[PDB]
file work.pdb (PDB, C-alpha atoms)
ATOM      1  CA  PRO F 322     -19.420 -37.117 -43.425
ATOM      2  CA  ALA F 323     -23.167 -37.801 -43.493
ATOM      3  CA  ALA F 324     -23.107 -40.215 -40.540
ATOM      4  CA  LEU F 325     -21.093 -37.709 -38.503
ATOM      5  CA  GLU F 326     -23.471 -34.945 -39.571
ATOM      6  CA  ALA F 327     -26.458 -37.064 -38.548
ATOM      7  CA  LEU F 328     -24.977 -37.977 -35.160
ATOM      8  CA  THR F 329     -24.021 -34.363 -34.567
ATOM      9  CA  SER F 330     -27.566 -33.519 -35.664
ATOM     10  CA  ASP F 331     -29.016 -35.953 -33.117
ATOM     11  CA  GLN F 332     -26.745 -34.195 -30.694
ATOM     12  CA  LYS F 333     -27.847 -30.831 -32.090
ATOM     13  CA  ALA F 334     -31.458 -31.778 -31.443
ATOM     14  CA  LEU F 335     -30.752 -33.068 -27.928
ATOM     15  CA  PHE F 336     -28.549 -30.111 -27.185
ATOM     16  CA  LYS F 337     -30.723 -27.412 -28.747
ATOM     17  CA  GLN F 338     -33.545 -29.037 -26.800
ATOM     18  CA  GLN F 339     -31.505 -28.872 -23.598
ATOM     19  CA  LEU F 340     -30.599 -25.297 -24.537
ATOM     20  CA  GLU F 341     -34.411 -24.868 -24.577
ATOM     21  CA  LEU F 342     -35.152 -27.395 -21.799
ATOM     22  CA  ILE F 343     -32.470 -26.912 -19.249
ATOM     23  CA  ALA F 344     -32.952 -23.382 -20.479
TER      24      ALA F 344
ATOM     25  CA  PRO Y 322     -34.394 -22.384   0.605
ATOM     26  CA  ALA Y 323     -30.658 -21.640   0.643
ATOM     27  CA  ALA Y 324     -29.602 -25.266   0.111
ATOM     28  CA  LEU Y 325     -32.028 -25.568  -2.806
ATOM     29  CA  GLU Y 326     -30.775 -22.254  -4.178
ATOM     30  CA  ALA Y 327     -27.177 -23.444  -3.880
ATOM     31  CA  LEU Y 328     -27.874 -26.792  -5.558
ATOM     32  CA  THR Y 329     -29.823 -25.050  -8.295
ATOM     33  CA  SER Y 330     -26.877 -22.648  -8.505
ATOM     34  CA  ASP Y 331     -24.444 -25.549  -8.916
ATOM     35  CA  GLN Y 332     -26.833 -26.693 -11.582
ATOM     36  CA  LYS Y 333     -27.009 -23.149 -12.956
ATOM     37  CA  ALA Y 334     -23.232 -23.105 -13.246
ATOM     38  CA  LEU Y 335     -23.065 -26.551 -14.864
ATOM     39  CA  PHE Y 336     -25.967 -25.739 -17.113
ATOM     40  CA  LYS Y 337     -24.948 -22.199 -18.054
ATOM     41  CA  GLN Y 338     -21.546 -23.728 -18.741
ATOM     42  CA  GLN Y 339     -23.125 -26.398 -20.937
ATOM     43  CA  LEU Y 340     -25.205 -23.639 -22.534
ATOM     44  CA  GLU Y 341     -21.750 -22.143 -23.271
ATOM     45  CA  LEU Y 342     -19.925 -25.482 -23.700
ATOM     46  CA  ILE Y 343     -22.291 -27.698 -25.551
ATOM     47  CA  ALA Y 344     -23.082 -24.344 -27.080
ATOM     48  CA  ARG Y 345     -19.351 -24.056 -27.824
ATOM     49  CA  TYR Y 346     -19.501 -27.509 -29.421
ATOM     50  CA  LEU Y 347     -22.439 -26.213 -31.465
ATOM     51  CA  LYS Y 348     -20.902 -22.762 -32.173
ATOM     52  CA  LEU Y 349     -23.888 -20.951 -30.589
ATOM     53  CA  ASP Y 350     -24.235 -17.716 -28.593
ATOM     54  CA  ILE Y 351     -27.020 -15.630 -27.020
ATOM     55  CA  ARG Y 352     -24.911 -12.498 -26.511
ATOM     56  CA  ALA Y 353     -24.794 -11.909 -30.287
ATOM     57  CA  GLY Y 354     -28.489 -11.011 -30.262
ATOM     58  CA  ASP Y 355     -27.802  -8.283 -27.738
ATOM     59  CA  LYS Y 356     -24.806  -7.053 -29.773
ATOM     60  CA  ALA Y 357     -26.997  -6.476 -32.818
ATOM     61  CA  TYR Y 358     -29.541  -4.774 -30.590
ATOM     62  CA  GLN Y 359     -26.900  -2.348 -29.268
ATOM     63  CA  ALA Y 360     -25.894  -1.357 -32.779
ATOM     64  CA  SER Y 361     -29.566  -0.542 -33.218
ATOM     65  CA  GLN Y 362     -29.429   1.800 -30.228
ATOM     66  CA  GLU Y 363     -26.778   3.712 -32.138
ATOM     67  CA  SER Y 364     -29.026   3.861 -35.207
ATOM     68  CA  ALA Y 365     -31.727   5.345 -32.991
ATOM     69  CA  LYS Y 366     -29.489   7.977 -31.344
ATOM     70  CA  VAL Y 367     -27.956   8.987 -34.672
ATOM     71  CA  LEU Y 368     -31.309   9.615 -36.298
ATOM     72  CA  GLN Y 369     -32.807  11.254 -33.189
ATOM     73  CA  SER Y 370     -30.183  13.999 -33.047
ATOM     74  CA  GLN Y 371     -31.129  15.192 -36.523
ATOM     75  CA  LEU Y 372     -34.784  15.656 -35.609
ATOM     76  CA  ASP Y 373     -33.740  17.717 -32.625
ATOM     77  CA  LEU Y 374     -31.605  19.940 -34.836
ATOM     78  CA  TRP Y 375     -34.399  20.241 -37.406
ATOM     79  CA  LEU Y 376     -37.085  21.200 -34.921
ATOM     80  CA  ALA Y 377     -34.848  23.733 -33.171
ATOM     81  CA  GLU Y 378     -34.862  25.883 -36.326
ATOM     82  CA  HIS Y 379     -38.455  25.322 -37.564
ATOM     83  CA  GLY Y 380     -41.266  24.769 -35.018
ATOM     84  CA  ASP Y 381     -44.283  22.434 -35.046
ATOM     85  CA  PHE Y 382     -46.652  24.768 -36.939
ATOM     86  CA  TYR Y 383     -44.104  24.852 -39.757
ATOM     87  CA  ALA Y 384     -43.366  21.130 -39.609
ATOM     88  CA  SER Y 385     -47.033  20.176 -39.813
ATOM     89  CA  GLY Y 386     -47.866  22.957 -42.270
ATOM     90  CA  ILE Y 387     -45.458  21.665 -44.947
ATOM     91  CA  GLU Y 388     -46.594  18.038 -45.276
ATOM     92  CA  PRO Y 389     -47.898  16.887 -48.696
ATOM     93  CA  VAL Y 390     -51.626  16.138 -49.025
ATOM     94  CA  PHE Y 391     -52.022  16.092 -52.820
ATOM     95  CA  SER Y 392     -53.537  12.890 -54.232
ATOM     96  CA  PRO Y 393     -54.887  12.301 -57.766
TER      97      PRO Y 393
ATOM     98  CA  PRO W 322      -9.787 -39.850 -37.807
ATOM     99  CA  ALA W 323      -9.240 -36.135 -37.160
ATOM    100  CA  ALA W 324     -12.955 -35.280 -37.037
ATOM    101  CA  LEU W 325     -13.558 -38.146 -34.606
ATOM    102  CA  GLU W 326     -10.552 -37.034 -32.566
ATOM    103  CA  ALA W 327     -11.870 -33.469 -32.491
ATOM    104  CA  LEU W 328     -15.387 -34.517 -31.473
ATOM    105  CA  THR W 329     -13.970 -36.826 -28.831
ATOM    106  CA  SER W 330     -11.782 -33.885 -27.808
ATOM    107  CA  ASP W 331     -14.833 -31.630 -27.480
ATOM    108  CA  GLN W 332     -16.232 -34.443 -25.419
ATOM    109  CA  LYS W 333     -12.925 -34.735 -23.559
ATOM    110  CA  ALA W 334     -13.121 -31.052 -22.692
ATOM    111  CA  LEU W 335     -16.771 -31.242 -21.618
ATOM    112  CA  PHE W 336     -16.150 -34.440 -19.740
ATOM    113  CA  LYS W 337     -12.846 -33.484 -18.122
ATOM    114  CA  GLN W 338     -14.634 -30.278 -17.166
ATOM    115  CA  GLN W 339     -17.513 -32.261 -15.674
ATOM    116  CA  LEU W 340     -14.915 -34.488 -14.010
ATOM    117  CA  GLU W 341     -13.726 -31.154 -12.532
ATOM    118  CA  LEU W 342     -17.182 -29.515 -12.348
ATOM    119  CA  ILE W 343     -19.520 -32.206 -11.241
ATOM    120  CA  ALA W 344     -16.392 -33.136  -9.354
TER     121      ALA W 344
END

call {"tool": "encode", "arguments": {"input": "work.pdb", "output": "structure tokens"}}
result
Amino acid sequence: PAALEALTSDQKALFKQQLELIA
Amino acid sequence: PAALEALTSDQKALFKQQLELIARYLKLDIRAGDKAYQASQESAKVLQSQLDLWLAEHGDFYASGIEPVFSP
Amino acid sequence: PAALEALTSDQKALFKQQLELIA
């Protein structure tokens, strides 16, 4: 689960960033 | 300007969608903040009514004249 | 496999959407 959580966290960063960047 | 506005609108759609789609993937929502805020409007209106009712039977000279000032 | 399938499904949705949205 940790690798998935990390990848989804990398995603979360990218995405949260886009949701503050595209935003 | 219209072509730019349209492209940026296509973008806006895509992006707003992603900001609701990637956001869906991330279980996120902006509207929730407003929902909580609306409940707070109700808190405000509720409390306000009571002041109105109070004042209507008392007057400002009374209201101000009854406040505590005692301090050891 | 189910978590991978779900993530790739979230992707599939996003992507199919883009393949109908970008499209």

call {"tool": "interface_residues", "arguments": {"input": "work.pdb", "of": "chain W", "to": "chain Y", "cutoff": "10 Å", "atoms": "only C-alpha atoms", "output": "JSON, numbers by chain"}}
result
{"W": [328, 331, 332, 334, 335, 338, 339, 342, 343]}

call {"tool": "atom_distance", "arguments": {"input": "work.pdb", "atom1": "atom CA of residue F:330", "atom2": "atom CA of residue Y:351"}}
result
19.9 Å

call {"tool": "axis_aligned_box", "arguments": {"input": "work.pdb", "around": "stretch 331-339 of chain F", "padding_each_side": "5 Å", "output": "JSON"}}
result
{"center_x": -30.1, "center_y": -31.7, "center_z": -28.4, "size_x": 16.8, "size_y": 18.5, "size_z": 19.5}

call {"tool": "closest_atom_pairs", "arguments": {"input": "work.pdb", "of": "chain F", "to": "chain W", "cutoff": "12 Å", "atoms": "all atoms listed in the file", "output": "tab-separated table"}}
result
residue	atom	partner	partner_atom	distance
F:322	CA	W:324	CA	9.3
F:324	CA	W:325	CA	11.4
F:325	CA	W:325	CA	8.5
F:326	CA	W:324	CA	10.8
F:328	CA	W:328	CA	10.8
F:329	CA	W:328	CA	9.2
F:332	CA	W:328	CA	11.4

call {"tool": "atom_distance", "arguments": {"input": "work.pdb", "atom1": "atom CA of residue Y:374", "atom2": "atom CA of residue Y:390"}}
result
24.8 Å

call {"tool": "atom_distance", "arguments": {"input": "work.pdb", "atom1": "atom CA of residue Y:363", "atom2": "atom CA of residue Y:378"}}
result
24.0 Å
